[PDB]
């Protein structure tokens, strides 16, 4: 194994909670990782008590505001995936501002999955395809993997080749089901608040074959 190719698209399930991301985003830029996608808020997280949901909405508003100057300083594109119909209007307006101000940035793409689920993503892709059929734009017999995949979120980015799950659990928990179909899976007992750039870099090297698990 002479050539050690790092992942092109890393996805992270940031579990173990019940500022960590900034040095990880900076390490992606340093090493040439093109995309980083993080699981901030799941479809399942709407089932938590209202005060918990309200607190996560405040943490999300806070994180985006703090990220916008960093995205501009480092020329990183900031994107969001998930169902926005269930989110507060001002948070949606903030998400739109962030993604519109950074859409042309080419250093890396940081995607934050908010009110997101792999199943929701897939069924939404199916809905848009069926809408195209209803509007007479396409015939349903043309629907195969090649057509359908274009409607799944982040299809323009490379496939997820490395999925990191912190917090000790061995599950994908309805995250990027489609996009991570061939991703190498890295599980760690390290809780998200304790997750380091040293361990993030080790996960990258496990993927490349430079380091062993």
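Numbering follows the first chain given and starts at 1.
Unmodelled residues of the deposited sequence between neighbouring positions residue 18 and residue 19 number 10 or more.
With 202-210 and 4-12 compared on mean CA B-factor from the PDB entry, the stretch scoring higher is 202-210. The PDB entry reports B-factors from which the mean C-alpha value can be compared for 116-124 and 78-86; the larger average falls on 78-86. For the set 50, 144, 37, 63, the PDB entry puts the maximum C-alpha B factor at 50.
Looking only at 175, 187, 151, 41, the residue with the top Cα B factor in the deposited structure is 41. Placement of the Cα temperature factor of residue 68 within the chain: lowest third of the modelled residues, per the deposited record. Among all modelled residues in this chain, the alpha-carbon of residue 179 has a temperature factor (C-alpha) in the lowest third. Among all modelled residues in its chain, residue 55 ranks in the highest third by Cα B-factor.
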